[PDB]
Structure formats: C-alpha cells, structure tokens
Number of protein chains: 2
Amino acid sequence: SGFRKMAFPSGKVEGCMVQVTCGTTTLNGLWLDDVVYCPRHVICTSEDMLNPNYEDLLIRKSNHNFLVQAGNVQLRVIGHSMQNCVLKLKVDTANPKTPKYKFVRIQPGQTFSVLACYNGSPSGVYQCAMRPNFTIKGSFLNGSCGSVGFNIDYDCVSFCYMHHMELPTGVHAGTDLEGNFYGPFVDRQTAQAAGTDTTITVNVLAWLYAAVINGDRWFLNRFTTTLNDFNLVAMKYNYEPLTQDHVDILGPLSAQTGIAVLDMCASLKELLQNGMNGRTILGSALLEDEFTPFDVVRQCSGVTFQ
Amino acid sequence: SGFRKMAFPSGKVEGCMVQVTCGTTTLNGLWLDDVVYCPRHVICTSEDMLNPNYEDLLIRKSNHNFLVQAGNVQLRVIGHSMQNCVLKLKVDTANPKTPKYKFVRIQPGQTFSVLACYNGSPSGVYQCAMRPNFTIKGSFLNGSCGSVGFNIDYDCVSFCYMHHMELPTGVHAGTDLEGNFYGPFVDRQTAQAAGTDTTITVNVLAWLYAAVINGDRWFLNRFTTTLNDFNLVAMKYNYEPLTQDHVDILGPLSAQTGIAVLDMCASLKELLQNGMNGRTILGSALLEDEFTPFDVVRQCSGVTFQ
Ligand SMILES: *[C@H](O)[C@H](C[C@@H]1CCNC1=O)NC(=O)[C@H](CC1CCCCC1)NC(=O)OCc1cccc(Cl)c1
Ligand SMILES: *[C@H](O)[C@H](C[C@@H]1CCNC1=O)NC(=O)[C@H](CC1CCCCC1)NC(=O)OCc1cccc(Cl)c1
C-alpha cells in the first residue's frame with residue numbers, strides 16, 4: 001500500500017537525449033533512429049524572437065550550423081527539415097539505444113512523465129498532467145527546451161510532449177513530437193497567457209478511489225447524486241464537467257471498491273461544499289487531480305514494463 | 001521556474017534489477033558486478049516467518065535453490081552469503097550495465113528516489129524521505145521487496161535503501177545495502193510499529209526558500225526569532241529541533257534569497273501558529289518536508305548527471 005506521484009522509469013528516454021547547439025542557443029534534442037527532434041526556436045537568435053519567419057530562418061541555415069552532441073560523441077547533421085514547430089535533424093548515425101516508440105498527441109487531463117534535461121543530460125524525472133488550458137505545471141529552467149514527456153506501455157515509449165517555453169504565470173507550454181503546440185500558443189515572443197484553468201474532475205474521483213483502496217474512507221457518505229446535479233455543483237467550483245464516458249472509465253475502480261461512481265460523486269460534492277475541515281487525503285490537504293483512473297489502477301495493481 | 005517532487009533519472013538502476021526466486025517467494029535483486037543483493041527473507045517460507053533463524057535457514061540452502069532471472073537470461077548462482085539482513089548471491093556473470101556506485105547509509109531527513117519493481121521489472125520511480133522514525137512513506141505492493149532507493153552524484157549511483165516490509169500503519173521499512181535495518185525493525189513477523197514521527201524542520205525551511213525562489217512570498221514577515229525561541233515553538237508542533245548545523249546548511253539558500261535563516265524561521269513560526277488560512281505554497285496546502293536544502297538547490301539551479 002501507499003500512493004505516490006510516480007513517474008515512469010526513465011531509462012529508455014535517457015538514452016535518446018542529446019545536446020543541440022546552433023548559434024548562441026543550446027537546448028536538448030531527442031535522438032530516435034537517425035533523426036534528432038528539437039524545438040525549431042533553436043534557429044532563432046536574441047533579435048529574431050519578436051516575430052520570426054522560421055521558413056526564412058531555416059533556408060539560411062547549413063547542416064554544419066547544427067552542433068549535435070550525444071555525450072562526448074558529436075553527431076554530423078546530413079539534412080534538416082521543419083515539421084510544424086519541431087526541427088528534424090537527419091544525422092549519419094542511428095541511435096543504437098532507440099526504444100520501441102510512438103508519437104502520441106494527448107488530451108487534456110492525461111498525465112505523463114517529464115525527463116527534465118540540460119545540455120543533453122537528464123536532471124530529474126517527474127509526473128505532470130496536461131491541464132485543461134493546455135499548459136503544464138512543470139519545473140523547467142533555461143536550457144530545458146527539448147526535454148520530453150512520455151508514457152510507457154508495456155515495452156513501448158509513447159512520446160507526447162516536448163518543452164518550448166514558460167508563460168508569464170510560471171507554467172509551461174510546448175508541443176507534441178510532431179511539433180503542434182498544445183493550446184493556442186505560438187513560438188513567437190508576444191503577449192501570451194495561459195487562460196483560465198479548471199480542475200480535472202474525473203482525475204479527482206480516481207484519486208478518491210485510490211484513497212479508499214489505501215484505507216482513507218472518512219470522506220465517504222451514504223448519499224448519492226445524479227450526474228446532472230453533480231455537474232451543477234462542479235461548475236460552481238470550477239471543475240470540468242463529468243461525462244458519461246468518464247463514469248464508464250471509473251467503472252473498474254468502482255468494482256474493486258464497491259463504491260458506485262455516482263456515490264463517489266456525492267462524496268466529492270460534500271468535500272467541495274464543506275472543505276476538508278483539517279483532514280488530509282493520501283497526505284494532501286487539497287483535492288488532487290493529476291492522477292488518471294489508469295494511473296490509479298497501474299499503481300494500486302503493480303503493472304510493470306519490459 | 002516551477003517546483004516538483006523530482007526523482008533522479010532511473011536508467012542506471014533499471015539495468016541492475018533482477019528477479020530472485022527461492023521456493024514459493026519471488027522478489028527483486030540488485031545485480032552489481034557478479035553479485036546479486038536481495039532481502040534475506042527470500043529464504044523464509046510461509047511457516048518460517050514467525051521467528052526464523054536465518055543462519056540455520058541459509059546453511060540448508062543450495063546454490064541451485066536460488067533462481068535468478070535477468071530479463072530472459074537466467075543467472076547461475078555459484079555461491080551465497082549473508083550480510084546482516086541482505087543475501088549476497090554470487091553469480092557467474094558480471095553485470096555489463098553496472099554503473100559507478102556506492103553503498104551509503106543515510107540519516108533521517110535525507111531524501112532518495114525509489115525505483116519500485118516487481119519480478120525484476122521496474123514499475124515507477126518516485127522521491128521519498130527517510131522519516132525521523134526510520135520509516136518511509138512509500139508505494140509498495142507484494143513482490144516489491146528488493147526494490148532500492150538511491151541518489152545520483154554527478155555520475156555515481158549511491159544506493160541507500162532496499163525494501164523489506166510494510167508496517168501496520170501502511171508505511172515501509174527496510175535496510176541499507178549492507179543489510180542493516182533503518183530503525184529498530186527486524187525481519188521477523190512480530191508486533192512491530194513505526195513509533196511517533198516528527199516533521200523535518202530543516203526541510204520545511206528549504207521548501208519555503210524554494211517557494212521564495214519561485215515567487216511565493218505571502219508567508220514572509222518582517223519579524224525575526226532566535227534559534228532557542230524557534231525550537232520552543234517547534235517542539236509544540238512536533239517538529240524536529242533546528243540545529244546550528246541546519247542553519248549553516250541553509251546558508252546558500254539564504255544568500256540567493258536575501259532572507260536570513262532566522263527570518264525564515266519566524267515565518268515558519270507564524271505558519272505553525274496561524275495555519276495557511278486557505279493559502280497554498282508551491283501547490284500545497286500543507287507544509288512540505290520531503291525536500292532537503294540540497295534538493296532545492298539542485299532543482300532551482302539545474303544540476304545534471306553523466
Ligand atoms: C528553452 O530552454 C527555454 C525554457 C524556458 C526558460 C525558463 N523556463 C522555461 O521553460 N525557453 C525559452 O526561453 C523561450 C524561448 C522563446 C524563443 C522564441 C520563440 C518562443 C520561445 N522563452 C521563454 O520561455 O520566455 C519566458 C521566460 C521566463 C523566465 C525566464 C526565461 Cl529565460 C524565459
Ligand atoms: C516483499 O515483496 C513484501 C513487501 C510488502 C508487501 C505489501 N507491502 C510491502 O511493502 N514484504 C512482505 O510481505 C513482508 C515479508 C516478511 C517475511 C518475514 C520477515 C519479515 C518480512 N511482510 C510484510 O510486509 O507484512 C505486512 C503486510 C501488509 C500488507 C500486505 C502484506 Cl502481503 C504484508
């Protein structure tokens with residue numbers, strides 16, 4: 001028992017991280033087979049940021065302008081292309097440590113592990129959720145661009161995030177690995193703000209089930225509620241609407257705990273209206289929304305990876 | 001910016017995890033050079049747990065009783081010995097993925113990453129602290145024994161924990177890698193309880209500095225306090241005494257933030273006496289004590305590993 005924010009084991013991704021230097025900018029790249037993926041703003045300079053035309057900027061580059069270092073072995077770039085907001089550097093050596101992998105674009109509310117990196121070297125690993133406003137609340141300093149977020153499925157690494165920038169509230173924005181930003185953000189230095197966020201309701205419910213699985217029950221009640229009247233309460237507390245699809249996703253946890261989904265909704269209602277009154281749940285004094293239902297099942301059942 | 005509970009990158013340790021089977025028990029082992037380290041209670045059986053004499057139990061074993069599997073390659077045991085509560089299985093193949101490493105016994109209040117494992121396969125990675133009562137609040141199911149905790153220093157893996165059991169409060173107990181339990185616990189099935197825990201004061205202060213570095217300042221004040229009068233307040237709220245050595249350890253964070261250590265103590269005093277009044281710090285509604293001063297500096301300055 002116990003319940004922690006648990007990241008995926010990072011080894012498969014550590015073997016893919018490289019340093020990409022172009023001009024006065026250094027950031028991280030992702031080396032899979034003979035291609036290095038990195039944010040296209042690596043080709044910007046300190047005076048290009050304002051409103052760059054990356055097509056122009058890229059046609060002015062030569063392969064030899066891109067300095068790619070994999071540890072203490074430097075990689076020759078033999079070609080380059082742009083895909084949305086990611087640069088693909090073709091190198092003359094395939095990464096022998098390339099895992100089985102997929103590129104996936106995730107939905108808000110889904111979670112992933114971030115391998116935070118500087119100069120191609122990993123600093124640490126932690127679990128994030130994609131917020132409803134398409135930002136992540138990460139831990140990123142200068143040099144971290146090109147760090148990736150990922151999930152692991154049995155043996156396969158699903159890459160879903162590459163880091164590009166920090167918004168003025170201190171939250172983070174980036175792309176999928178095909179270079180499409182999450183959210184309305186652009187890799188331009190302009191007025192950009194996160195926008196209003198909401199709590200991921202289905203995740204809070206998953207975490208309440210985690211708590212029950214682990215012996216916290218003080219928040220349960222005999223009441224129930226309908227999905228309608230729950231969502232009426234959710235809206236007032238800035239929670240995402242709970243859908244019938246969410247309810248079905250919470251099915252397995254409901255079976256295992258013997259607590260119908262709509263009964264856990266009634267418990268969440270009372271926690272929203274009354275607060276926790278100095279109680280904690282799973283070591284938290286706040287309702288936690290960065291565990292998906294699958295995260296809970298994985299951790300409370302012991303799934304592993306090969 | 002941002003601040004997360006960040007684990008060390010786990011790749012170096014993933015390449016050392018193996019499955020150890022003896023009799024009806026399966027658990028994890030740590031394969032470094034030609035030795036596999038695992039909890040000695042692997043040699044117990046379902047009727048041995050009550051009060052086993054492991055010396056007797058071990059002299060009755062043959063090498064071929066230990067089934068060691070490194071993925072889909074099975075390892076022959078060519079010898080076995082006992083060191084305190086860990087079994088050392090000598091195998092005829094050295095692990096080619098052995099990192100540079102140390103065994104270290106940590107002090108309460110120090111943190112480490114846990115690579116949670118089942119059947120020799122990693123499940124997830126997360127950050128723990130050794131509690132003052134020598135337990136850890138982990139996330140461990142049956143089969144997780146032999147999972148290890150570790151820190152990384154530049155390029156070197158310092159192993160500091162191997163998992164053995166869960167106490168009745170749902171917290172976890174284990175040994176250093178030389179087999180000495182942390183705390184008064186024994187690998188015997190008897191009445192064993194964690195004992196009273198306390199909050200790691202120097203860590204709370206580190207985390208308050210993390211908050212300032214990241215733009216939370218609402219808890220600061222103009223007051224100061226003496227180390228004596230702080231510890232008088234600490235005792236009443238079940239906090240560890242703050243030592244002059246703790247104060248000196250918090251020096252770097254004090255410089256960088258311009259906030260004298262004793263002024264941050266005055267801020268912690270008021271948080272203890274008044275609570276947070278519905279405020280949060282770094283996303284938490286509780287005072288967080290599982291970040292050491294070194295953790296804060298590492299994360300807020302961007303240290304990496306090779
Ligand atoms: C890439 O390593 C870097 C990561 C940022 C720095 C601080 N936190 C992060 O996550 N990204 C940038 O610095 C980014 C660069 C621009 C270049 C032109 C196209 C759009 C991206 N700019 C950025 O994030 O500005 C905000 C910021 C806040 C605080 C410190 C800094 Cl250095 C930047
Ligand atoms: C080893 O994989 C296992 C890890 C425990 C199981 C549940 N959570 C854990 O951390 N350890 C044990 O099962 C341990 C075995 C004894 C054997 C005799 C010597 C001392 C250790 N016993 C144990 O932890 O009992 C408490 C417990 C609580 C809940 C479930 C279980 Cl299966 C055990």
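Lettering follows sequence order; numbering is per chain, from 1. In what follows, every heavy atom counts, from backbone to side chain, and hydrogens, waters and symmetry copies are set aside.
For the atom pair CD of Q306(B) and CG of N119(A), the computed distance is 9.5 Å after rounding to the nearest 0.5 Å.
Of the candidates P122(A), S121(A), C117(A), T304(B) forms a side chain to side chain contact (heavy atoms under 4.5 Å, CB included) with just one, namely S121(A).
Options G124(B), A285(B), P9(B) differ in how many heavy-atom pairs under 4.5 Å they form with chain A, and the most are formed by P9(B). Between chain A and the options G138(B), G170(B), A116(B), heavy-atom pairs under 4.5 Å are most frequent for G138(B). In terms of non-hydrogen atom pairs under 4.5 Å with chain B, the most contact-rich of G11(A), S139(A), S113(A) is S139(A).
Heavy atoms of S144(A) lying under 4.5 Å from chain B are absent altogether. Contacts of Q299(B) with chain A are made by both backbone and side-chain atoms, with heavy-atom separations under 4.5 Å. Heavy atoms closer than 4.5 Å to chain A are found in both the backbone and the side chain of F305(B). With a 4.5 Å cut-off on non-hydrogen atoms, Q127(A) touches chain B through its backbone but not through its side chain.
Between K5(A) and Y126(B), the shortest heavy-atom distance links the atoms O-CB, 3.6 Å. The two atoms that bring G302(A) and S123(B) nearest to each other are C-OG, 4.3 Å, heavy atoms only. Taking both residues in full, the closest heavy atoms of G283(B) and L286(A) are given as O-CD1, 3.4 Å, listed atom of the first, atom of the second, then distance.
The main-chain N or O of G2(B) is never found under 3.5 Å from a side-chain atom of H172(A) such that the two would form a donor-acceptor pair. In terms of modelled atom types and a separation under 3.5 Å, the side chain of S10(A) and the main chain of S10(B) share a donor-acceptor contact. Of the possible polar contacts, one joining the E166(A) side chain to the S1(B) backbone as a donor-acceptor pair under 3.5 Å is found. Put simply, the side chain of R4(A) never gets that close to the backbone of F140(B): no donor and acceptor are under 3.5 Å apart.
The neighbour count for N274(A) CG, taken as heavy atoms of other residues, nucleotides or ligands under 6.0 Å away, is above 12. Atom NZ of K97(B) has 12 or fewer heavy atoms from other residues, nucleotides or ligands within 6.0 Å.
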